[PDB]
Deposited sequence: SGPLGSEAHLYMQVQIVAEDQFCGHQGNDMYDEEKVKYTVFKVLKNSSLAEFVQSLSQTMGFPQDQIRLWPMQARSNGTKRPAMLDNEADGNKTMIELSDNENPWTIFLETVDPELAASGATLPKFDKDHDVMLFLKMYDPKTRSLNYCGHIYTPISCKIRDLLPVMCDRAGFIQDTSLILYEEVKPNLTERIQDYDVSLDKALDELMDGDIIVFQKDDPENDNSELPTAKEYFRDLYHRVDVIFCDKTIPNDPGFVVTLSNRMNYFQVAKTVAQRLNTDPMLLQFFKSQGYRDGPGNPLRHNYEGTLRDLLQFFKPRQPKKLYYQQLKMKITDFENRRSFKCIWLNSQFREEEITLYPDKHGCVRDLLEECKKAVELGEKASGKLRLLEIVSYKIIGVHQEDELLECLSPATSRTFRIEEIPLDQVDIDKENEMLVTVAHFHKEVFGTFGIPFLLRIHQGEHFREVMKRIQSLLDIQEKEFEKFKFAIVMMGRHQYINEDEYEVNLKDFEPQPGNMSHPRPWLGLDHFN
């Protein structure tokens, strides 16, 4: 197998009965993915007569009680029943008549089963002089379409004389005043301005399978949200049901919101904000793909496209799904956040990588405030944070809170560290100053580990002991050096005791000298 050797000789013919036309709410006769067909697997090269008998027997109708009107497409995209001569074209074969359509859909007309009792012949129909029209009634109150069947009429017939049949089929008295529209194609519903005209003249390109939609001309209709059929169809054309799914909870079933093609961001957001009883500005939406399955990129609030634009990557088959996320601040604030990767130095003196999101137009104070939120600050401490700029495991700076985050280097050789200020280092005095410190192995530029700030000048060995307490090693080695411009002097850890050695000798302000700690790894 699997495909059998004769499978090619066969084509598929899809019969559709008039019952399938009933209660269709859209354009044309039926919806292609909802309609129930009676399907035949017929020999391609076989004739129409053969098929009409086969069909006649299968469906239980005499042949003089059925007429086949193939469903054919039009240039403008619609698909309507078209005339086919069941006796002139009967000699021909099925792919011929089909024009190689596979599958081929045919509308099967039969006789009003009541009158089918009598042995009712199906009315004669002249291919050149008559037309078969379909009737739909539009009801504003329920905003719905009610199928009213089809009629054979001469094309010479004046539209006025069609009115009684339309009433009779809708359920109306004969005094009932009507509005008549031609359903031409989606988004085109044309009012018949004048009913004292022949069909031939009144409608451009009069054709079998044409549709007249009609409604009551009752002043009540103005209370409907869609008073006329024209408004109904125009609404339909832009209607679109969209699944909104929270990007916070994966495998969210989401909820379906009916919207318009036409809507802008403000309108969409406004609509999905109700149904959540949340503010629209407290929602962030995301662009999409459709097959690739998003959520794509965050969609800006200043967005200026329509909803049709966001769903242009959907094929008509796929169900439309847009992702969203609930917010805690106004969307515009959230959008103006900046990603700030940096290092937090906990109370336990260890490093953690943390990303904070202060405001783009923020200053250092703000970044600090943000950090204080993500971290426990150690008990009985100081409660005050500072920001350091670090290069090569050396503190090359301490930033003031005033400073706009805008100014700080985007450079990635640079490393920003946020730390709690030890208690001693804020009620600091002349007799007192803060100095930069760093590890290094062998030569002074082989720096490593974690730099830090310290109290500097009337001793030493207890410095070594306090630095011991801070570092918490166990270190008997480790030489100690002051490091200034192109030079560094080691420190006698038994005898040495300092001053304000640590400052630019008058000849230039920075880089300030530092104290270095010489040992391995």
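- For this chain, the deposited residues without C-alpha positions form the stretches 1, 431, 459-460, 479-481, 505, 516, given in sequence order.
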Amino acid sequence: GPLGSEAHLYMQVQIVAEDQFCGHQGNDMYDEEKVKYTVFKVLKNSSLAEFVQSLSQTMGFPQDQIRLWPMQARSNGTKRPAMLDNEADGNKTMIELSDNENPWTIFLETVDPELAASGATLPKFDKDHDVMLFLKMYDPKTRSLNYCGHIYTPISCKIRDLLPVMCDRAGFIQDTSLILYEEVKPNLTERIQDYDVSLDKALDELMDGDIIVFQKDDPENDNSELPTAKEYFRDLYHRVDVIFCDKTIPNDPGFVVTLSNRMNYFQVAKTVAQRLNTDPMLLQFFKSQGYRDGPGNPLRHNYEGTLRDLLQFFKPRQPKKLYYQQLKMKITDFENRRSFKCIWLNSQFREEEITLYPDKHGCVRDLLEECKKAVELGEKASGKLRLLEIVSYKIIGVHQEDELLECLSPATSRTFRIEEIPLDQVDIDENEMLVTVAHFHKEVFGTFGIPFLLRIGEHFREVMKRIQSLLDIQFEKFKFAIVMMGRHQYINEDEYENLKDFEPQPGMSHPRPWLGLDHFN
From here on, numbers count along this sequence of modelled residues.
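- Comparing 114-122 with 257-265, the higher mean C-alpha B-factor in the PDB entry belongs to 114-122.
- Relative to its counterpart among 443-451 and 376-384, 376-384 has the higher mean temperature factor, C-alpha atoms as listed in the PDB entry.
- Taking only the listed residues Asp139, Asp208, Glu190, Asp175, the entry reports the highest CA temperature factor at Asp175.
- Residue-level inspection of the entry shows that, of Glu389, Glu109, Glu101, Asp252, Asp252 has the top Cα B-factor.
- When the modelled residues of the chain are ordered by C-alpha B-factor, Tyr30 sits in the lowest third.
- The deposited CA B-factor of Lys479 belongs to the highest third of values across its chain.
- The PDB entry assigns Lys394 a C-alpha temperature factor belonging to the lowest third of its chain's modelled residues.
- Remark: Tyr324 belongs to the middle third of its chain, ranked by C-alpha B-factor as recorded.
- Ranked by C-alpha B-factor against the other modelled residues of its chain, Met508 falls in the highest third.
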